[PDB]
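Working notes, beginning with the structure itself.
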Amino acid sequence: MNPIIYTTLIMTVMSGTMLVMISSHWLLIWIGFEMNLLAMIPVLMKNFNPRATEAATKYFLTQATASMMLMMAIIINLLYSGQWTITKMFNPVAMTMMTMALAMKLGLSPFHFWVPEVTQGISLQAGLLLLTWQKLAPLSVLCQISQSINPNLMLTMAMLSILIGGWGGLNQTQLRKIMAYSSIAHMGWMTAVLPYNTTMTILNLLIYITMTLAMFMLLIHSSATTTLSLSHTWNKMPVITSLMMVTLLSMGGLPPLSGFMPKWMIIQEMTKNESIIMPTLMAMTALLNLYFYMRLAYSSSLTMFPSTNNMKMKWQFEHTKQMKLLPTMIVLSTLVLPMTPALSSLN
Amino acid sequence: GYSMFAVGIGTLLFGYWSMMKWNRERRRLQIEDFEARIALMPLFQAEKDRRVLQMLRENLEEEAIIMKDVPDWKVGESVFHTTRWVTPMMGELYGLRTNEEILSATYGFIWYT
Amino acid sequence: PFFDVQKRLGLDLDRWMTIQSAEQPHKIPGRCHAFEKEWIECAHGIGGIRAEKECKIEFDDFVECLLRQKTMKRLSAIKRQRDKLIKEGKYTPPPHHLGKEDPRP
Amino acid sequence: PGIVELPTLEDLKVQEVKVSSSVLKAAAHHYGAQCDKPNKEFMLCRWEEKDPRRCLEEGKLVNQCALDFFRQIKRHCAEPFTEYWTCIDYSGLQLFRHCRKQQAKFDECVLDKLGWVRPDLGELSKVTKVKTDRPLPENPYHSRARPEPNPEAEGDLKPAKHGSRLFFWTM
Amino acid sequence: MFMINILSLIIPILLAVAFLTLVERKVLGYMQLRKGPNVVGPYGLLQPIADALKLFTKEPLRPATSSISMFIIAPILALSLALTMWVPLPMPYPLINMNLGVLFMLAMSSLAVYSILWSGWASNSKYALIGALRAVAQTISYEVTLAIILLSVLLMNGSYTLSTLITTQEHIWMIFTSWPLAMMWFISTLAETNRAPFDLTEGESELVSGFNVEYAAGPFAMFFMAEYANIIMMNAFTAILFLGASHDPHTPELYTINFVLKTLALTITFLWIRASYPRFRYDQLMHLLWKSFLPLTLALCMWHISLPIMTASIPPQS
Amino acid sequence: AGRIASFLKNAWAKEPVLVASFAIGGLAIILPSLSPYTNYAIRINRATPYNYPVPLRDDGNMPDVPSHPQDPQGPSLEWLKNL
Amino acid sequence: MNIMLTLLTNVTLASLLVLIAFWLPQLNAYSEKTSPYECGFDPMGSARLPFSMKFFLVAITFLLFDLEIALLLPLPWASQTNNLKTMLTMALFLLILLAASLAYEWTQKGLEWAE
Amino acid sequence: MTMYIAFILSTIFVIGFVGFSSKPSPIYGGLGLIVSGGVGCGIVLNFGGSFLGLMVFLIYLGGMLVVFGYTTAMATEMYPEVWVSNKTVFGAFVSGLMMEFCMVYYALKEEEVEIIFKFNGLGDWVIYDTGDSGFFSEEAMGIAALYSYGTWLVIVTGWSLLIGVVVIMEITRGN
Ligand SMILES: CCCCCCCCCCCCCCCCC[C@@H](O)O[C@H](CO[C@H](O)CCCCCCCCCCCCCCC)COP(=O)(O)OCC[N+](C)(C)C
Ligand SMILES: CCCCCCCCCCCCCCCCC[C@@H](O)O[C@H](CO[C@H](O)CCCCCCCCCCCCCCC)COP(=O)(O)OCC[N+](C)(C)C
Ligand SMILES: CCCCCCCC/C=C/CCCCCCCC(=O)OC[C@H](COP(=O)(O)OCCN)OC(=O)CCCCCCC/C=C/CCCCCCCC
Ligand SMILES: CCCCCCCC/C=C\CCCCCCCC(=O)O[C@H](COC(=O)CCCCCCC/C=C/CCCCCCCC)COP(=O)(O)OCCN
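Chains as they are written, first to last, in the authors' numbering: chain i, 1 to 347; chain W, 32 to 144; chain h, 2 to 106; chain u, 2 to 172; chain s, 1 to 318; chain U, 2 to 84; chain j, 1 to 115; chain m, 1 to 175.
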C-alpha cells in the first residue's frame, strides 16, 4: 500500500469517528459509522494473506448488520416522534434495538465472537487500532443516550462480557486473542457503570486505552505474537520484559498500580446507588484476567525459558524504529494512582 | 480542421443566444401566470373554508343522530387537549361517504395522467 | 462523547434538519408544525427530566397529530355503530352521504 | 377534552361564484386590481387568526366583491370577455400566450367602459398593507402558561471546602 | 375509451415494426447493389406477413437443460416493456402524461436488459451465456454516460416532463445548442439498442445467435419485435429531444407528421450505419464509453450547469 | 513556459478528447465568477412568486409599503421587461 | 390507474402471443431435438460452471458511479434556488469529485481488464 | 378498504422479500429483489413520492445487474437451487409465507399489538393530507434543497464516494 493512501485511510477512519462525536443529527452519526467502517476495512487488509481477508470479511459482516439495526432503530424513533436529534430516545423498542446494535459494534457479550477472530487474523498495528480507536464512537453514543438506557439489559451484557472475557482468556496461548478477551472484559466494566455515571466510563476507557497502547507497543517492539516467542525476549532485551511484567500487573488491577483506579472508582459509584452484589461479582470475576496475566508474566519475565543459538546474532543489532510515546505510555499505565482526584476534570 | 471547429463554435453561440432570449421570455410568462394564481387565491381559500366547515357540520349532525344509543359518548368531543383549530385529517371529512368520493379525494390527483 | 463544535463555532452543520418546524424551503409547513412548536417552546431551557412531566400535554398532542391513533379509534367507533344501526335497519342515512349531495365550489 | 365549536349550516350560506376556471383566469388580473381591499382583509384575517371559523364575514365580503366585479363585466363587455375566455378555455394548460388579440380587445373594452388598467408585471405579487379595526389576537395558538425555569447561578466562586474530599486525599 | 387509445397505440406500432423489417432488408439490399424482397407481394409488401405466419406456425422448442419458467418469462418481459416504453411520448399529446417521463424511460430501459440476461441464463447453453455476459458488459459501458447526457440536455428544459420539450424548442432545435451531446447520445442509443456496430449480444459471426440461440418460432419472433420496437422508440425519443417540431394547438396533425418524418429519418440512419461499418470488440466499447465519452460528458455537464446561470437563461417550472 | 507549450502540443496530438474536456471544465469553473448576469439570474429567481404575499397590518408608520398593488411603492420588475 | 391498465394490457398481449405460439403448431419433441446446441458436437462441460469476469473492478466502480447519478438528477430543480452561488459551488464540487475518482482509477490501471 | 391497492403492493413486497431471504440461488434472489424494488416504487408512488420511487427502482436495477454478473462469475454450481428443489429453501419460503399470512390475519380480524403497537386497518387513505396548494412538487423542492441546505451532507457524501473508489481498488489489489 502507498503511504499516501494509508494516511488518507487512517484520516478517514478518524474523521468518521469525529463525525460521530460532534454530530447532533442521527443521520450524521450513522454516516460517521459508515465512513469509519468503509475506511477501516482496507486497513485490516494491509498485509494481504488469507487470514487477514477472513478477518476483514467477518468484521464487515458484523458491522454492517449492526449498522442496519442502528438505522432501523433511528427510523422507528422518528416514526414515534418526528425527532432527529440524539436525545432521550422516545421509543423503548427502538431503544432496545439501538442498545443491541451498539453492543454488537462494541463486541460486548453475547455479540463477542468476532473480536478474538478479527484480532488474531490481523497484524499488531491493526489490532492496536481496532482495540483502541474503534471503541470511541459507540461509547460516545451510549454516553449521550444513557438516561434512556434499560439498566437490566446493559448490566446483563456487561456481566456476561466480564465472565466471558475471563473464561475465554484463560484458554489462550496466542497473544492477540489474549488481548481481545481482555478487551471484552474491560468493555464489560466500562458498560456496567454507564447508566450511573458516564464520567467513570470515560475514566475507565482512558486508562484501558493507555494500558492497551503500552501493551501493543511493547509487543510490536519485541516481535512476538505467541507465548513461546515472547519467552525468548529476556535473552535479547530484559528491560522490555520487566516493563511488560509491571504493565501486566497493572492491567490485572493490583494496587498501587494505575489499573486499580477505574475498578475502585466504579465499585464506589455502584455503592452510591444500592448495587452491592454486582460489583462484588465483577471483582471476583476480574480475578480470572489477573490469573492469565500472571501466567504470561511467569512465562516472559519471572522465569527464564530456553533460547536458541541464532539469538546470538540478534545480540549484535539494535532496534531501528523507535516508538516515541512508549515510555510515557508505560509511566501512565503504572504510576498514576496518586493523581486519582484529577478525574474531576473529566466531567 | 479550423473551419469545422469554427463552424461548430458559431452554431453553439447562436443557439446559446437564441435560448437565452427564449428562456427569459418564458420566465416572464411564468411570472404572469403565477400572478394570476395569486389574484385568484383568496376566493379559493374562502370557498375551501366553507366547504370544510360544511362537511364537518354534516358529520357532526350525523354522528349526533347515530351515537345517541351508547351511554357515555360526548357528541363532537375533541381528541386534543388544546382548544385551537386543527386541520381535519380527511378521514374525518370523508369518513361517512361512499368509496367513490373517498377514492377521488385520496388518489384522484396522483392517478390523473 | 459529544463535543459541541457547532455550538462553540456557531457553524450549523446539521441543526437545520433536526426538526420539522425549522425553515423549510418555500415556507412549506409540516403537517404538525404548530404542535411541535408548542412542545418545543414548553420544554425549552428546563431540562429533559422536568420537560418529561411538565410538557406531557403538548407532547401528547404532538404525538396525536403525528400518528392519529385516537382519531381513528373514534372514527371506527362511529362507523361500527352506524353499520349496526343500518343492519338493524334503523339508520335512515342522508342523501349527501350517499353521493346525491348538491356540491358547492 | 371539550367539544369542537362549529358554525351552523345556515351561517355558511352565501351567493356563489359559479364561473369555471378559464373564466376566472381570463379576468384574474383585473379582478386582483379591483377587488384587492376585501381580499387582502380576508387574507390578513386568515393568517392572523389561524382559524377558518373566525373569518366567515370576510369570506362573504370577498364573494360579494367578486359578484359585483363580474356583474359589471357582464354589463359592459359580455362579448369580448366571452371570446377571450373561450380562447383561454380551449388550451389544455390554459395559456395566456396563445390568445393575445382577444385579450387586447377585452382590455380595450374595460379601459374605455370602466377606466380599468391591467396591472403591470410584478404588481399583483407585491406585499401590501391593510387598515383594519379588527384587534390583533393575543394568543392565536391557545398556548398554556410556560413553566418557570430553574432559577439561576449566583454568587462568587470559592474554593471547595477541604478540597476534593475523596477518601484519604487532603487536597 | 382509454382502452381504444391503448389499442390504437400498440397495434400500429406492431405494424410499423413488421414493415420496418422489410424496409431494413430493402435498404441494405440497395446499399449492397441488390434489390431485396420484391417477389412476395408487390415490392415485397407481403413479406412481413409471410414471415410472421411462418414463425407462428413453426414448432417452438423447450431445451432439455433449460429453466422453463425464466425461458418463457424473458420474451414476454421484452415485448411488454417495448410496448410500454411508448406511452409517455408526446406526439404531440402523450397517452400517459407524467411529471417525470424521462426518468420513467430510463428506469424501463434499464429493466429491459433482464430479458436478455434471463433468456441467456435460462437457455443453459454456452453461447447464450456468453451473449448474456456481453449484455452485462454493454450496460455497464453505456448507462452512466447516457444518464449524464440526458441530465445535461434537460438542464435547458427546466423539468423532466416530455411535453415541455415542445415549448423549449419552439424557435430553435436543441441540436444547435448541444450538438456534441447529441452525437454522444446518438452513439449511446446505438449501444443501448444492441445495434451495429454494437450488436454484441447476438454477435452473429462470433456467437451464432448469441443470447437467443436456443429460441425458435414465436418466442424468437417476440424478441425480434421487441428489438425493432425499441429501435423506433429510441429514435422517436431522439427526435423529440433534439429536433423539436412546432406544435399548433388547433392543428396537431402537422406536428404528428413532422415528428414521424424525423423519426423515420433517424431510423433509416440506423439502417445506414448498420450497412456501413464493422463491429466493435466488446472491451473496446467499454473503453470508448469510459475513456472518451465519460470525461467529455462530465465537462459538458459542468458547462451546462454553469451556462444558464452565467447568461441569466434559467428555464421556468421549478 | 516553453516546456509546457510542448506538453500542450503533445497532448493535443495524442489525447485531444482530454484536452477538450479539461478546457471545457476549466471554462465552466472560472467563467461564472466573471459574469455580470449571474446576479441577474439570482434576481430572476427571487422575483418568481411561488407563494401568496401575506399583507402586513397597517400600524400607520410604514411609508415604504404600498396600500395597493398598483401604488408606486414596493419593488419593481421594470428591469425584467428590458431583459 | 391508467398506467396499471396499460401494463396489464401489454403483459396480456405478450402472454397471449406466447400461448398461441405454443398451442397452435404441431409439436414433435424428442431427445436429440431438445439437446443443447454447440455447433453439432456435444458440449464438454456444463454451462453452469463458473465463467470468469475480466471487468469486475469496472462493475464495482459502476455501482459506485450509479449513485452519483441519483445525486445529480435534482439539478434542474436545484437551479431555481435564490442562493445560486452555493448551489453551483456544490454541483461543481460533486462533479470534480467524480472526475477525480475516474482519474484515480484510470491512472492506477483500474480500467484495464484482467488477463 | 378502497381497492386495497397499497395493501396488495405491500404484501407483494413482503412476498418478494421472503423469496430472496430463503436464499434459493443468487439468480432467483436477484429476481425477487427486483420484484420487491418494483413494488416498493409503486408503494412510494401511491404516496406522492414519484422521484424517490423511480430513483430506487433504477438504482436497484443497476445493482442487480452487477450482482447477476458476479453470480455467474463466482456464485454458481452445477445445479442451481430453486424454491422447490430443496427442502430447506422450500421450508423457509413456506414459513415466511405463513408468517406473513398469520400476521395479516392477526392485524386485520383483530386489533392487537404484534410487537410495537396495535393496528386496525381502515386502509392507508385515512391519514392523508387534503392539502390544497402549490405550483411545485414538495418532494422535488425538498430533494433539490440538498444543494443549498445540505452542503455538509454533499461534502461527506462526495468524500465517502471517492474513498470508496480508493478502498475497492486497495482491497482488490491483492498481492
Ligand atoms: C394476438 C393475441 C390475441 C389473439 C386472440 C385469440 C387468442 C387465441 C387463444 C390462444 C390459443 C391459440 C391456439 C389454438 C389451437 C388449439 C389449442 C388447444 O386449445 O386445442 C386442444 C385443446 O383440447 C384438449 O386437447 C382436450 C379437448 C378439450 C378439453 C375438455 C375440457 C372441458 C371443456 C368442455 C368441452 C365441451 C364443449 C365446449 C363448447 C361449449 C389442444 O390439443 P393438442 O393436440 O394437445 O395441441 C396442439 C393443437 N393442434 C392439434 C392444433 C396442433
Ligand atoms: C480548523 C481546520 C480547518 C480545515 C479542516 C476542515 C474539515 C472539514 C471540511 C470542510 C469544512 C466544513 C465547513 C463548511 C460547512 C458548510 C456550511 C457553511 O459553509 O455555510 C454554507 C456556505 O456555503 C459556502 O459555499 C461554503 C461551502 C463550500 C465548501 C467547499 C468544499 C471544501 C471541502 C474540502 C474538504 C472535504 C473533504 C475532501 C473533499 C475534496 C451555506 O451558507 P448559505 O447558503 O449562505 O446559507 C444557508 C442557509 N439557508 C439555506 C437558509 C439560506
Ligand atoms: C490553449 C491551451 C488549452 C489548455 C487546456 C487545459 C490543459 C490541457 C492539458 C491538460 C491535460 C491533457 C490530458 C493529459 C495529458 C496527456 C494524456 C496523458 O497523460 O496520457 C494519456 C493517458 C491515457 O492514455 P492510456 O489509457 O493510458 O493509453 C493506453 C494505451 N496506450 O492519460 C492517463 O493516463 C490519465 C487520464 C486522466 C483523465 C482525467 C479524468 C477525467 C477528467 C476530465 C473531466 C472534466 C474535468 C474538468 C475539471 C478540471 C478543471 C480544470
Ligand atoms: C464556446 C464554449 C463551447 C464549449 C466547447 C464545445 C465544443 C467542443 C467540441 C468537441 C465536441 C466533440 C464531441 C465528440 C465526442 C466523441 C468524439 C471522439 O473522440 O470519439 C472517438 C470515437 O468515437 C466514435 O467514432 C464513435 C464510434 C461509433 C460509430 C458509430 C457510427 C458513426 C456515427 C454516424 C453519424 C452519427 C451522427 C451523430 C449525431 C446524429 C444526430 C443526433 C474516440 O475514439 P478514438 O478516435 O479511437 O480515440 C480514443 C483513443 N485516444
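Yeah, the Cβ is synthetic: ideal placement off N, Cα and C, and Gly gets one too.
Test item: CB-CB of residue i and residue j under 8 Å
i	j	result
u/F43	u/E59	yes
residue 376 of chain i	i/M95	Since the first and last residues shown for chain i are 1 and 347, residue 376 of chain i lies out of range.
W/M121	m/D129	yes
m/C41	m/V18	no
i/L70	i/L139	no
s/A275	s/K262	no
Range of the contiguous alpha helix (DSSP H) that encloses residue i
i	result
m/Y149	Where m/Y149 is concerned, there is no enclosing alpha helix (DSSP H), given that its DSSP letter is neither H nor E.
i/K105	92-106
s/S188	179-192
W/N54	33-97
i/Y291	277-297
s/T161	Run containing s/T161: none; DSSP gives neither H nor E here.
m/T11	5-21
s/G36	Per DSSP, s/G36 belongs to no alpha helix (DSSP H) and is neither H nor E.
i/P238	238-251
m/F68	50-74
i/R176	175-192
Any non-hydrogen atom of ligand 3 closer than 7 Å to residue i Cβ
i	result
U/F23	yes
i/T334	no
Residue i Cβ short of 7 Å to ligand 4 heavy atom set
i	result
U/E16	yes
s/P197	yes
Inter-residue Cα distance where the pair is residue i and residue j
i	j	result
W/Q61	W/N54	10 Å
u/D69	W/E92	34 Å
i/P256	i/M339	12 Å
u/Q104	u/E84	9 Å
W/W142	m/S133	18 Å
s/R25	j/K85	55 Å
j/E32	s/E214	14 Å
u/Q95	h/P104	24 Å
Distance cut-off 7 Å: residue i Cβ against heavy atoms of ligand 1
i	result
s/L7	no
#### Entry: Contact residues within the stretch 77-98 of chain j, judged by C-beta distance below 7 Å to chain m
For the stretch 77-98 of chain j, the set of residues with a beta-carbon nearer than 7 Å to any beta-carbon of chain m comprises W77, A78, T81, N83, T86, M87, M90, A91, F93, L94, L97, in chain order.
### Query
What residues from the stretch 41-57 of chain U come within 8 Å of chain u, judged by C-beta to C-beta, listed N to C?
The residues in question are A48, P50, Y53, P54, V55, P56, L57.
### Message
Please list, in chain order, the residues of the stretch 80-98 of chain i that have any C-beta partner in chain m closer than 7 Å.
### Response
If the cut-off is 7 Å between Cβ atoms, the stretch 80-98 of chain i has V93 near chain m.
#### Entry: Short-range partners of chain j found in the stretch 48-69 of chain s, where Cβ spacing is below 7 Å
Those residues of the stretch 48-69 of chain s that come within reach of chain j (Cβ to Cβ, closer than 7 Å) are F56, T57, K58, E59, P60, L61, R62, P63, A64, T65.
### Task
Could you please tell me which residues of the stretch 115-135 of chain m, in chain order, have their CB closer than 8 Å to any CB of chain W?
Listed in sequence order: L122, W125, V126, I127, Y128, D129, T130, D132, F135.
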